[PDB]
Amino acid sequence: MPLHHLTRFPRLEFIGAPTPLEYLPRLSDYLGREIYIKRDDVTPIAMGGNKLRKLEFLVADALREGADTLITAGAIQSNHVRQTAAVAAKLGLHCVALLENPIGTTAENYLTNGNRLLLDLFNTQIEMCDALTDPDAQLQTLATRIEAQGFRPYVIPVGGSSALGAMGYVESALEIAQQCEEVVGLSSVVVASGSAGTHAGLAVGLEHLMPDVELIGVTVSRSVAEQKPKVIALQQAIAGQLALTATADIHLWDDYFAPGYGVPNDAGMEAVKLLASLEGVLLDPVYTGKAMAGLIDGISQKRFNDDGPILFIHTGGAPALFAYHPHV
Amino acid sequence: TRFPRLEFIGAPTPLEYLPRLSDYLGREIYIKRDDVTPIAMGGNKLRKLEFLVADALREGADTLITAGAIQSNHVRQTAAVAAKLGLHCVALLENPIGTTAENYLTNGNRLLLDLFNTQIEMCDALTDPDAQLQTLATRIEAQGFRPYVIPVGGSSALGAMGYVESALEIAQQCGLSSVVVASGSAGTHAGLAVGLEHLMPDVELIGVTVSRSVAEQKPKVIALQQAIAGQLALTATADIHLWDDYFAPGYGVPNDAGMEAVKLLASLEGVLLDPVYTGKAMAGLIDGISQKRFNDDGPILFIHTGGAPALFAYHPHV
Ligand SMILES: [Cl-]
């Protein structure tokens with residue numbers, strides 16, 4: 001009932017059915033606590049991912065605006081850029097990508113394999129830059145040039161994280177609440193917290209459908225201090241677009257991303273190895289592996305509110321496994 | 001329905017209209033998205049494993065053994081399933097193409113095998129898969145384990161039941177004139193053969209071969225077709241159609257027509273095919289239009305059997 005204004009936003013149909021919400025009996029056995037998993041990694045478009053949920057709203061907005069070109073930005077190994085390019089091809093829209101090498105690697109699989117390989121399969125126009133120091137400003141300059149060629153560009157921010165994009169995860173929260181109804185009482189939810197639209201959309205939805213559930217974001221690029229205002233700003237903007245208040249505090253753990261965004265760490269790689277070997281589930285070195293490492297240590301250090309069921313949001317990211325191998 | 005089966009997929013996989021590709025080819029093309037399954041990046045082999053692994057549990061196995069190329073999709077899917085169910089996995093692998101390219105040897109499906117904690121046994125060649133798997137099962141059994149052997153490509157009568165099931169989904173989900181599928185170890189072809197004869201008999205089913213000529217491959221598809229039919233107490237009289245022009249110079253080697261099929265589907269539809277199987281099968285479908293090989297001019301159904309992780313293994317070359 002309280003999420004009905006969500007209906008007013010046009011959206012494309014990229015996913016179809018709700019994504020699986022599954023129990024992880026072997027991980028749970030190992031961790032000594034019930035772990036469930038929301039499989040947003042399993043979507044029908046170009047190897048899937050959370051970003052596709054945001055693109056349903058973003059691209060429908062682009063179509064409504066008469067745009068014929070999608071322009072966005074990210075790392076060379078961005079999942080968002082890859083999903084945006086797959087969607088662009090499918091719809092006969094052009095796609096322009098402003099890419100950066102965030103970790104300064106020269107490893108060939110990072111530079112040419114994984115998500116970056118797929119971009120060429122999608123005929124993505126690639127614009128390289130030294131660094132995304134000011135993505136909104138750099139994306140505009142790029143739009144101006146694209147426009148001078150006669151294209152009608154729609155600019156999507158980094159990670160698809162705008163209030164509109166984040167509606168996709170307000171929607172995901174609705175699925176989660178329905179799937180858990182009379183099946184399991186969730187105590188905590190864990191998701192990776194990057195550009196912040198996924199966290200923020202979950203925050204609004206869960207506040208209204210599942211107010212007792214504790215939502216934890218595991219940062220993948222930022223400290224709590226840098227990250228929290230970004231999540232909050234989106235949270236509030238989302239709530240307003242829906243004519244809702246959002247009074248929930250935002251929780252973030254920043255202990256699991258060192259040495260930095262896009263750099264693998266030992267605990268993140270152990271997390272990937274653990275989910276693959278115990279559950280046949282594929283995480284990634286950049287996002288989900290670090291988030292899972294966060295979940296695992298949280299159980300270990302008693303960081304959660306209690307001993308009840310945890311839901312891990314699988315946001316995707318697996319194509320990056322191939323780019324990060326063998327190293328850097 | 002007599003055969004016990006594990007639920008790895010659940011919902012029917014999507015069946016879609018490809019309007020951009022259709023527009024380009026001047027023909028109606030549909031796709032069966034069996035590449036979209038929830039387990040370890042998906043694929044057709046998963047449909048087979050629903051039956052083979054159910055069979056394995058019934059016999060109280062604790063270890064699954066199968067064989068394939070280093071970049072085998074089946075082995076990767078078997079290993080993920082094994083990991084999920086708490087079974088050991090032993091894989092017999094060969095290098096079918098004599099490559100030393102780092103990505104073929106260590107990336108793609110092969111990388112996933114390590115993540116899934118697969119035990120790896122290398123052999124010069126899978127000249128006698130049935131017998132080599134048998135030897136492996138013995139040495140594994142003599143170590144205190146209880147092995148269950150899964151054939152190459154998961155292709156046996158039991159395995160192929162997975163594709164009688166897909167045929168039902170196709171029937172439910174569908175003026176279809178033709179169906180195109182890659183024909184390798186043959187369980188998929190033969191499973192769709194049985195299911196489609198009994199549900200869509202007017203539909204022409206074409207297997208595009210990926211490893212063999214029509215002469216070498218037809219008996220394999222037939223043997224399996226007849227076996228599947230017997231097990232379901234049916235008779236299958238429909239003949240097997242195969243095109244073998246699209247796989248040169250051999251199994252697991254990409255060709256230009258297949259790679260350009262991957263490019264066309266990526267750029268037109270945002271769909272990802274692979275260099276070994278579906279790309280080649282799609283090139284056959286396209287050339288089937290070019291040379292008017294199909295029975296008529298009506299809608300074509302392409303079966304996306306999967307294979308995409310091999311894109312990362314085959315890049316940049318060899
Ligand atoms: Cl334990």
# chains A, B, ... in the order shown; residues from 1 in each chain; ligands from 1
call {"tool": "interface_residues", "arguments": {"of": "chain A", "to": "chain B", "cutoff": "8 Å", "atoms": "only C-alpha atoms", "output": "number ranges by chain"}}
result
A: 26, 42-47, 85-92, 113-114, 117, 121-123, 272-273, 276-282, 322, 325
call {"tool": "write_last_selection", "arguments": {"atoms": "N, CA and C atoms", "output": "CSV table (one decimal), in the first residue's frame"}}
result
chain,number,residue,atom,x,y,z
A,26,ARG,N,24.5,-25.0,3.1
A,26,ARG,CA,25.9,-25.4,3.3
A,26,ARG,C,26.7,-24.2,3.9
A,42,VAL,N,21.0,-13.1,-11.3
A,42,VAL,CA,20.3,-14.0,-12.3
A,42,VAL,C,19.2,-13.2,-13.0
A,43,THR,N,19.6,-12.5,-14.0
A,43,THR,CA,18.7,-11.8,-14.8
A,43,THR,C,19.0,-12.1,-16.3
A,44,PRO,N,18.0,-12.0,-17.2
A,44,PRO,CA,18.1,-12.5,-18.6
A,44,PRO,C,19.1,-11.7,-19.5
A,45,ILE,N,19.5,-10.5,-19.0
A,45,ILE,CA,20.3,-9.6,-19.9
A,45,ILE,C,21.8,-9.7,-19.7
A,46,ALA,N,22.5,-10.0,-20.7
A,46,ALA,CA,24.0,-10.0,-20.7
A,46,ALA,C,24.6,-10.3,-19.3
A,47,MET,N,24.4,-11.5,-18.8
A,47,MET,CA,25.1,-11.9,-17.6
A,47,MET,C,24.6,-11.3,-16.3
A,85,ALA,N,25.1,-1.1,-22.1
A,85,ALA,CA,25.4,-1.4,-23.5
A,85,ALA,C,24.6,-2.5,-24.1
A,86,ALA,N,24.4,-3.5,-23.2
A,86,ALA,CA,23.5,-4.7,-23.7
A,86,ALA,C,22.1,-4.2,-23.9
A,87,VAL,N,21.6,-3.4,-23.0
A,87,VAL,CA,20.2,-2.8,-23.1
A,87,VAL,C,20.1,-1.9,-24.3
A,88,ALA,N,21.2,-1.1,-24.5
A,88,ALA,CA,21.2,-0.1,-25.7
A,88,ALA,C,21.1,-0.9,-27.0
A,89,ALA,N,21.9,-1.9,-27.2
A,89,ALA,CA,21.9,-2.8,-28.4
A,89,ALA,C,20.5,-3.4,-28.6
A,90,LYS,N,20.0,-4.0,-27.6
A,90,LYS,CA,18.7,-4.6,-27.6
A,90,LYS,C,17.6,-3.7,-28.1
A,91,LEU,N,17.7,-2.4,-27.7
A,91,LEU,CA,16.6,-1.4,-28.0
A,91,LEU,C,17.0,-0.6,-29.3
A,92,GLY,N,18.1,-0.9,-29.9
A,92,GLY,CA,18.5,-0.1,-31.1
A,92,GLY,C,19.0,1.3,-30.7
A,113,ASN,N,39.7,-8.1,-21.2
A,113,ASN,CA,38.8,-9.2,-21.0
A,113,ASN,C,37.5,-8.8,-20.2
A,114,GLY,N,36.8,-9.8,-19.7
A,114,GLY,CA,35.6,-9.6,-18.8
A,114,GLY,C,34.6,-8.6,-19.4
A,117,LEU,N,35.6,-6.7,-22.7
A,117,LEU,CA,35.4,-7.5,-23.9
A,117,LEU,C,34.0,-7.4,-24.4
A,121,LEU,N,31.6,-6.3,-28.1
A,121,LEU,CA,30.5,-7.1,-28.7
A,121,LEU,C,29.2,-6.3,-28.9
A,122,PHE,N,29.0,-5.3,-28.0
A,122,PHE,CA,27.8,-4.4,-28.0
A,122,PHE,C,28.0,-3.1,-28.8
A,123,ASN,N,29.1,-3.0,-29.6
A,123,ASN,CA,29.4,-1.8,-30.4
A,123,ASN,C,29.3,-0.6,-29.5
A,272,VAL,N,34.8,-15.3,-2.0
A,272,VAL,CA,34.5,-15.9,-3.3
A,272,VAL,C,34.7,-17.4,-3.4
A,273,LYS,N,35.8,-17.8,-2.8
A,273,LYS,CA,36.2,-19.2,-2.8
A,273,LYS,C,35.2,-20.0,-1.9
A,276,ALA,N,31.6,-20.3,-3.8
A,276,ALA,CA,31.8,-21.2,-5.0
A,276,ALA,C,31.8,-22.6,-4.5
A,277,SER,N,32.7,-22.9,-3.6
A,277,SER,CA,33.0,-24.3,-3.1
A,277,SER,C,31.9,-24.9,-2.3
A,278,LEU,N,31.2,-24.1,-1.5
A,278,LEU,CA,30.1,-24.6,-0.6
A,278,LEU,C,28.7,-24.5,-1.3
A,279,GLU,N,28.5,-23.5,-2.2
A,279,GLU,CA,27.1,-23.3,-2.7
A,279,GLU,C,27.1,-23.4,-4.3
A,280,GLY,N,28.2,-23.4,-5.0
A,280,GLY,CA,28.2,-23.3,-6.4
A,280,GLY,C,27.8,-21.9,-6.9
A,281,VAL,N,28.0,-20.9,-6.0
A,281,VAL,CA,27.6,-19.5,-6.3
A,281,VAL,C,28.8,-18.7,-6.6
A,282,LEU,N,28.7,-17.9,-7.6
A,282,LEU,CA,29.9,-17.0,-8.0
A,282,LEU,C,29.8,-15.6,-7.6
A,322,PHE,N,36.9,-13.0,-14.6
A,322,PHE,CA,37.7,-13.3,-15.7
A,322,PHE,C,38.7,-12.2,-16.1
A,325,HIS,N,41.7,-12.3,-13.3
A,325,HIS,CA,42.6,-13.4,-13.4
A,325,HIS,C,43.6,-13.3,-14.5
call {"tool": "residues_around", "arguments": {"residues": "residue A:110", "least_positions_apart": "6", "cutoff": "10 Å", "atoms": "only C-alpha atoms", "output": "ChimeraX atom specification"}}
result
/A:76-77,101,116-117,320-328
call {"tool": "write_last_selection", "arguments": {"atoms": "N, CA, C and O atoms", "output": "JSON list (two decimals), in the first residue's frame"}}
result
[["chain", "number", "residue", "atom", "x", "y", "z"],
["A", 76, "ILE", "N", 36.84, 0.53, -16.34],
["A", 76, "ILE", "CA", 36.97, -0.32, -17.52],
["A", 76, "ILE", "C", 36.17, -1.62, -17.30],
["A", 76, "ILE", "O", 35.57, -2.16, -18.24],
["A", 77, "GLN", "N", 36.12, -2.07, -16.05],
["A", 77, "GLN", "CA", 35.43, -3.31, -15.70],
["A", 77, "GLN", "C", 34.07, -3.10, -15.02],
["A", 77, "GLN", "O", 33.60, -3.97, -14.29],
["A", 101, "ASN", "N", 40.65, 3.79, -15.84],
["A", 101, "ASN", "CA", 41.40, 2.75, -15.15],
["A", 101, "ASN", "C", 41.58, 3.20, -13.71],
["A", 101, "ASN", "O", 42.48, 3.99, -13.42],
["A", 116, "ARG", "N", 34.88, -5.56, -20.23],
["A", 116, "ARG", "CA", 35.41, -4.70, -21.30],
["A", 116, "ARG", "C", 35.36, -5.39, -22.67],
["A", 116, "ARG", "O", 35.08, -4.73, -23.70],
["A", 117, "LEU", "N", 35.63, -6.69, -22.69],
["A", 117, "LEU", "CA", 35.41, -7.51, -23.90],
["A", 117, "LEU", "C", 33.97, -7.36, -24.39],
["A", 117, "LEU", "O", 33.74, -7.13, -25.56],
["A", 320, "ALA", "N", 33.63, -9.97, -13.93],
["A", 320, "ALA", "CA", 34.92, -9.42, -13.49],
["A", 320, "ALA", "C", 35.92, -10.48, -13.01],
["A", 320, "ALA", "O", 37.13, -10.22, -13.00],
["A", 321, "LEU", "N", 35.44, -11.66, -12.62],
["A", 321, "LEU", "CA", 36.34, -12.75, -12.23],
["A", 321, "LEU", "C", 37.36, -13.04, -13.33],
["A", 321, "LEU", "O", 38.54, -13.26, -13.06],
["A", 322, "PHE", "N", 36.87, -13.02, -14.56],
["A", 322, "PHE", "CA", 37.69, -13.31, -15.73],
["A", 322, "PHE", "C", 38.68, -12.19, -16.06],
["A", 322, "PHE", "O", 39.76, -12.45, -16.60],
["A", 323, "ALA", "N", 38.32, -10.95, -15.72],
["A", 323, "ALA", "CA", 39.21, -9.82, -15.93],
["A", 323, "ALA", "C", 40.32, -9.74, -14.89],
["A", 323, "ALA", "O", 41.41, -9.28, -15.20],
["A", 324, "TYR", "N", 40.03, -10.20, -13.67],
["A", 324, "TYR", "CA", 40.97, -10.08, -12.54],
["A", 324, "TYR", "C", 41.96, -11.22, -12.50],
["A", 324, "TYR", "O", 42.97, -11.14, -11.79],
["A", 325, "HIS", "N", 41.69, -12.27, -13.27],
["A", 325, "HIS", "CA", 42.58, -13.43, -13.36],
["A", 325, "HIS", "C", 43.59, -13.25, -14.47],
["A", 325, "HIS", "O", 43.23, -12.80, -15.56],
["A", 326, "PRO", "N", 44.87, -13.62, -14.21],
["A", 326, "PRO", "CA", 45.42, -14.16, -12.96],
["A", 326, "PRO", "C", 45.67, -13.11, -11.85],
["A", 326, "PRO", "O", 45.61, -13.44, -10.68],
["A", 327, "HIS", "N", 45.94, -11.86, -12.22],
["A", 327, "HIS", "CA", 46.15, -10.81, -11.22],
["A", 327, "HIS", "C", 45.97, -9.42, -11.75],
["A", 327, "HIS", "O", 45.99, -9.19, -12.95],
["A", 328, "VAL", "N", 45.79, -8.49, -10.81],
["A", 328, "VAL", "CA", 45.77, -7.03, -11.00],
["A", 328, "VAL", "C", 44.70, -6.53, -11.97],
["A", 328, "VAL", "O", 43.56, -6.99, -11.94]]
call {"tool": "residues_near_ligand", "arguments": {"ligand": "ligand 1", "cutoff": "7 Å", "atoms": "only C-alpha atoms and all ligand atoms", "output": "PyMOL selection string"}}
result
chain A and resi 29-32
call {"tool": "residues_around", "arguments": {"residues": "residue A:144", "least_positions_apart": "6", "cutoff": "12 Å", "atoms": "only C-alpha atoms", "output": "ChimeraX atom specification"}}
result
/A:71,137-138,150-155
call {"tool": "closest_residue", "arguments": {"among": "A:41, A:270, A:207, A:284", "to": "residue A:247", "atoms": "only C-alpha atoms"}}
result
A:207
call {"tool": "atom_distance", "arguments": {"atom1": "atom CA of residue B:300", "atom2": "atom CA of residue B:235"}}
result
25.8 Å
call {"tool": "atom_distance", "arguments": {"atom1": "atom CA of residue A:310", "atom2": "atom CA of residue A:251"}}
result
14.9 Å
call {"tool": "atom_distance", "arguments": {"atom1": "atom CA of residue B:178", "atom2": "atom CA of residue B:204"}}
result
4.6 Å
call {"tool": "closest_residue", "arguments": {"among": "A:274, A:233, A:142, A:170", "to": "residue A:128", "atoms": "only C-alpha atoms"}}
result
A:142
call {"tool": "closest_residue", "arguments": {"among": "A:134, A:162, A:69, A:264", "to": "residue A:149", "atoms": "only C-alpha atoms"}}
result
A:69
call {"tool": "residues_around", "arguments": {"residues": "residue A:254", "least_positions_apart": "4", "cutoff": "6 Å", "atoms": "only C-alpha atoms", "output": "ChimeraX atom specification"}}
result
/A:219,223-224
call {"tool": "residues_around", "arguments": {"residues": "residue A:205", "least_positions_apart": "5", "cutoff": "9 Å", "atoms": "only C-alpha atoms", "output": "short mmCIF file (atom, residue, chain, number, x, y, z; two decimals) with C-alpha atoms, in the first residue's frame"}}
result
data_model
loop_
_atom_site.label_atom_id
_atom_site.label_comp_id
_atom_site.auth_asym_id
_atom_site.auth_seq_id
_atom_site.Cartn_x
_atom_site.Cartn_y
_atom_site.Cartn_z
CA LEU A 3 4.69 2.03 -2.18
CA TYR A 169 15.58 -1.42 -5.58
CA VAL A 170 12.47 -0.02 -3.94
CA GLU A 171 10.81 -2.55 -6.25
CA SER A 172 13.27 -5.31 -5.27
CA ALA A 173 12.38 -4.68 -1.61
CA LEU A 174 8.75 -5.38 -2.47
CA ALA A 200 19.21 3.64 -0.77
CA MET A 210 9.95 -4.60 6.87
#
call {"tool": "select_by_dssp", "arguments": {"residues": "stretch 184-293 of chain A", "states": "strand (DSSP E)", "output": "mmCIF file with N, CA, C and O atoms, in the first residue's frame"}}
result
data_model
loop_
_atom_site.group_PDB
_atom_site.id
_atom_site.type_symbol
_atom_site.label_atom_id
_atom_site.label_comp_id
_atom_site.auth_asym_id
_atom_site.auth_seq_id
_atom_site.Cartn_x
_atom_site.Cartn_y
_atom_site.Cartn_z
ATOM 1 N N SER A 188 18.368 -9.471 9.374
ATOM 2 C CA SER A 188 19.332 -8.567 8.747
ATOM 3 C C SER A 188 19.422 -8.756 7.235
ATOM 4 O O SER A 188 19.124 -9.836 6.707
ATOM 5 N N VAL A 189 19.809 -7.683 6.547
ATOM 6 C CA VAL A 189 20.053 -7.705 5.109
ATOM 7 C C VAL A 189 21.435 -7.098 4.851
ATOM 8 O O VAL A 189 21.774 -6.051 5.414
ATOM 9 N N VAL A 190 22.236 -7.771 4.029
ATOM 10 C CA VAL A 190 23.545 -7.265 3.621
ATOM 11 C C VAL A 190 23.612 -7.013 2.112
ATOM 12 O O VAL A 190 23.266 -7.878 1.300
ATOM 13 N N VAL A 191 24.060 -5.819 1.741
ATOM 14 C CA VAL A 191 24.296 -5.481 0.343
ATOM 15 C C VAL A 191 25.572 -4.642 0.244
ATOM 16 O O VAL A 191 25.926 -3.936 1.194
ATOM 17 N N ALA A 192 26.266 -4.730 -0.888
ATOM 18 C CA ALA A 192 27.415 -3.877 -1.138
ATOM 19 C C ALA A 192 26.933 -2.453 -1.412
ATOM 20 O O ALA A 192 25.857 -2.249 -2.005
ATOM 21 N N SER A 193 27.728 -1.481 -0.966
ATOM 22 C CA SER A 193 27.371 -0.074 -1.048
ATOM 23 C C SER A 193 28.441 0.692 -1.829
ATOM 24 O O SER A 193 29.464 1.079 -1.263
ATOM 25 N N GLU A 214 17.117 -5.153 9.978
ATOM 26 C CA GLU A 214 18.320 -4.328 9.984
ATOM 27 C C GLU A 214 19.049 -4.408 8.635
ATOM 28 O O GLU A 214 19.532 -5.476 8.254
ATOM 29 N N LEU A 215 19.135 -3.286 7.919
ATOM 30 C CA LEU A 215 19.858 -3.237 6.642
ATOM 31 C C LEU A 215 21.301 -2.741 6.787
ATOM 32 O O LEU A 215 21.540 -1.623 7.250
ATOM 33 N N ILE A 216 22.255 -3.566 6.365
ATOM 34 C CA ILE A 216 23.674 -3.201 6.429
ATOM 35 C C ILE A 216 24.290 -3.087 5.041
ATOM 36 O O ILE A 216 24.214 -4.027 4.248
ATOM 37 N N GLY A 217 24.886 -1.929 4.751
ATOM 38 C CA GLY A 217 25.671 -1.751 3.543
ATOM 39 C C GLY A 217 27.150 -1.959 3.830
ATOM 40 O O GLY A 217 27.700 -1.353 4.759
ATOM 41 N N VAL A 218 27.793 -2.820 3.038
ATOM 42 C CA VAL A 218 29.244 -2.995 3.103
ATOM 43 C C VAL A 218 29.876 -2.145 2.002
ATOM 44 O O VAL A 218 29.712 -2.427 0.807
ATOM 45 N N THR A 219 30.581 -1.085 2.406
ATOM 46 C CA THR A 219 31.228 -0.193 1.442
ATOM 47 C C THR A 219 32.296 -0.926 0.622
ATOM 48 O O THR A 219 32.991 -1.819 1.122
ATOM 49 N N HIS A 251 23.030 2.260 7.960
ATOM 50 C CA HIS A 251 24.160 1.562 8.565
ATOM 51 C C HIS A 251 25.126 1.115 7.501
ATOM 52 O O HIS A 251 24.729 0.583 6.454
ATOM 53 N N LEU A 252 26.409 1.339 7.764
ATOM 54 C CA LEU A 252 27.463 1.033 6.810
ATOM 55 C C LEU A 252 28.642 0.439 7.541
ATOM 56 O O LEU A 252 28.925 0.835 8.668
ATOM 57 N N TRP A 253 29.299 -0.538 6.919
ATOM 58 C CA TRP A 253 30.547 -1.086 7.445
ATOM 59 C C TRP A 253 31.594 -0.840 6.415
ATOM 60 O O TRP A 253 31.423 -1.228 5.252
#
call {"tool": "residues_around", "arguments": {"residues": "stretch 54-68 of chain A", "least_positions_apart": "6", "cutoff": "9 Å", "atoms": "only C-alpha atoms", "output": "ChimeraX atom specification"}}
result
/A:9-15,80,83-84,87-88,92-95,151-156,159-162,164-169,197-198
call {"tool": "write_last_selection", "arguments": {"atoms": "N, CA, C and O atoms", "output": "tab-separated table (two decimals), in the first residue's frame"}}
result
chain	number	residue	atom	x	y	z
A	9	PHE	N	5.82	5.81	-12.20
A	9	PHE	CA	7.03	5.85	-13.02
A	9	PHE	C	7.00	4.80	-14.12
A	9	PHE	O	6.85	3.61	-13.84
A	10	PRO	N	7.12	5.23	-15.39
A	10	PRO	CA	7.22	4.25	-16.47
A	10	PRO	C	8.48	3.40	-16.31
A	10	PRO	O	9.51	3.90	-15.83
A	11	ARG	N	8.38	2.12	-16.66
A	11	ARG	CA	9.50	1.19	-16.56
A	11	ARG	C	9.45	0.15	-17.68
A	11	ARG	O	8.37	-0.31	-18.05
A	12	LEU	N	10.62	-0.21	-18.20
A	12	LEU	CA	10.70	-1.27	-19.18
A	12	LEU	C	10.77	-2.61	-18.46
A	12	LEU	O	11.09	-2.67	-17.27
A	13	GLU	N	10.46	-3.67	-19.18
A	13	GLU	CA	10.42	-5.02	-18.65
A	13	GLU	C	11.69	-5.74	-19.11
A	13	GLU	O	11.73	-6.25	-20.22
A	14	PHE	N	12.72	-5.75	-18.28
A	14	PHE	CA	13.99	-6.41	-18.62
A	14	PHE	C	14.16	-7.74	-17.90
A	14	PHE	O	14.88	-8.63	-18.37
A	15	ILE	N	13.53	-7.88	-16.74
A	15	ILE	CA	13.75	-9.05	-15.89
A	15	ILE	C	12.67	-10.10	-16.08
A	15	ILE	O	12.97	-11.26	-16.35
A	80	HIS	N	27.81	-1.88	-14.69
A	80	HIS	CA	26.80	-0.93	-15.16
A	80	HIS	C	26.96	-0.58	-16.61
A	80	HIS	O	25.99	-0.57	-17.37
A	83	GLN	N	25.95	-3.64	-18.70
A	83	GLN	CA	24.49	-3.84	-18.73
A	83	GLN	C	23.77	-2.73	-19.52
A	83	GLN	O	22.77	-2.98	-20.18
A	84	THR	N	24.30	-1.51	-19.43
A	84	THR	CA	23.76	-0.38	-20.17
A	84	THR	C	23.93	-0.59	-21.67
A	84	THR	O	23.01	-0.32	-22.45
A	87	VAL	N	21.57	-3.36	-23.00
A	87	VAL	CA	20.23	-2.81	-23.11
A	87	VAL	C	20.11	-1.87	-24.32
A	87	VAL	O	19.10	-1.88	-25.03
A	88	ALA	N	21.16	-1.08	-24.55
A	88	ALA	CA	21.20	-0.14	-25.67
A	88	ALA	C	21.10	-0.89	-27.01
A	88	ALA	O	20.28	-0.53	-27.87
A	92	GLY	N	18.12	-0.86	-29.90
A	92	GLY	CA	18.55	-0.11	-31.08
A	92	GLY	C	18.97	1.31	-30.73
A	92	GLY	O	18.91	2.21	-31.58
A	93	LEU	N	19.38	1.51	-29.49
A	93	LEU	CA	19.91	2.79	-29.05
A	93	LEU	C	21.41	2.72	-29.18
A	93	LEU	O	21.99	1.66	-29.03
A	94	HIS	N	22.04	3.86	-29.47
A	94	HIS	CA	23.49	3.98	-29.40
A	94	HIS	C	23.93	4.04	-27.95
A	94	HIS	O	23.13	4.37	-27.06
A	95	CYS	N	25.19	3.68	-27.69
A	95	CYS	CA	25.75	3.74	-26.34
A	95	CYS	C	27.16	4.32	-26.34
A	95	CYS	O	28.02	3.92	-27.14
A	151	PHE	N	23.16	13.05	-32.49
A	151	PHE	CA	22.56	12.10	-31.55
A	151	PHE	C	21.65	12.81	-30.53
A	151	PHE	O	21.78	14.01	-30.29
A	152	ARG	N	20.75	12.05	-29.93
A	152	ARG	CA	19.89	12.56	-28.87
A	152	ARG	C	20.22	11.79	-27.60
A	152	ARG	O	19.61	10.76	-27.32
A	153	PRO	N	21.22	12.27	-26.85
A	153	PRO	CA	21.75	11.47	-25.75
A	153	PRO	C	20.97	11.61	-24.45
A	153	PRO	O	20.44	12.67	-24.14
A	154	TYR	N	20.89	10.51	-23.72
A	154	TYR	CA	20.39	10.52	-22.35
A	154	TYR	C	21.56	10.13	-21.46
A	154	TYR	O	22.18	9.09	-21.66
A	155	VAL	N	21.85	10.99	-20.49
A	155	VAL	CA	22.97	10.79	-19.59
A	155	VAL	C	22.52	10.05	-18.34
A	155	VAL	O	21.60	10.48	-17.63
A	156	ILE	N	23.17	8.91	-18.09
A	156	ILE	CA	22.94	8.12	-16.89
A	156	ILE	C	24.16	8.26	-15.98
A	156	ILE	O	25.29	8.01	-16.43
A	159	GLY	N	27.04	4.21	-12.03
A	159	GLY	CA	26.32	3.14	-11.36
A	159	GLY	C	24.81	3.17	-11.48
A	159	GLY	O	24.13	2.43	-10.78
A	160	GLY	N	24.28	4.02	-12.37
A	160	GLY	CA	22.83	4.24	-12.49
A	160	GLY	C	22.16	4.80	-11.24
A	160	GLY	O	20.94	4.76	-11.11
A	161	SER	N	22.95	5.32	-10.32
A	161	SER	CA	22.40	5.77	-9.03
A	161	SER	C	21.88	7.21	-9.06
A	161	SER	O	22.61	8.16	-8.78
A	162	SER	N	20.63	7.35	-9.47
A	162	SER	CA	19.85	8.55	-9.26
A	162	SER	C	18.63	8.08	-8.51
A	162	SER	O	18.42	6.87	-8.36
A	164	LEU	N	15.63	8.10	-9.50
A	164	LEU	CA	14.86	7.32	-10.45
A	164	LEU	C	15.41	5.90	-10.58
A	164	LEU	O	14.66	4.95	-10.41
A	165	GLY	N	16.70	5.78	-10.86
A	165	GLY	CA	17.35	4.47	-10.96
A	165	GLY	C	17.12	3.60	-9.73
A	165	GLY	O	16.82	2.40	-9.84
A	166	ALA	N	17.23	4.23	-8.57
A	166	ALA	CA	17.10	3.54	-7.28
A	166	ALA	C	15.70	2.97	-7.03
A	166	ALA	O	15.54	2.08	-6.19
A	167	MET	N	14.70	3.48	-7.76
A	167	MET	CA	13.34	2.90	-7.70
A	167	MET	C	13.34	1.39	-7.95
A	167	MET	O	12.52	0.67	-7.38
A	168	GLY	N	14.26	0.93	-8.81
A	168	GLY	CA	14.45	-0.49	-9.08
A	168	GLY	C	14.67	-1.32	-7.83
A	168	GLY	O	14.23	-2.48	-7.75
A	169	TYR	N	15.34	-0.73	-6.84
A	169	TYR	CA	15.58	-1.42	-5.58
A	169	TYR	C	14.55	-1.16	-4.49
A	169	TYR	O	14.50	-1.87	-3.49
A	197	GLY	N	22.78	3.63	-4.99
A	197	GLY	CA	21.36	3.55	-5.37
A	197	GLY	C	20.70	2.27	-4.90
A	197	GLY	O	19.53	2.27	-4.52
A	198	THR	N	21.46	1.17	-4.92
A	198	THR	CA	20.95	-0.12	-4.45
A	198	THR	C	20.65	-0.05	-2.94
A	198	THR	O	19.54	-0.36	-2.51
call {"tool": "residues_around", "arguments": {"residues": "residue A:232", "least_positions_apart": "6", "cutoff": "12 Å", "atoms": "only C-alpha atoms", "output": "ChimeraX atom specification"}}
result
/A:163,195-197,199-204,224-226,238-239,246-252
call {"tool": "select_by_dssp", "arguments": {"residues": "stretch 105-315 of chain B", "states": "alpha helix (DSSP H)", "output": "ChimeraX atom specification"}}
result
/B:105-106,108-115,129-141,157-173,187-197,214-231,256-269,278-290,310-314
call {"tool": "closest_residue", "arguments": {"among": "B:50, B:202, B:62, B:165", "to": "residue B:298", "atoms": "only C-alpha atoms"}}
result
B:202
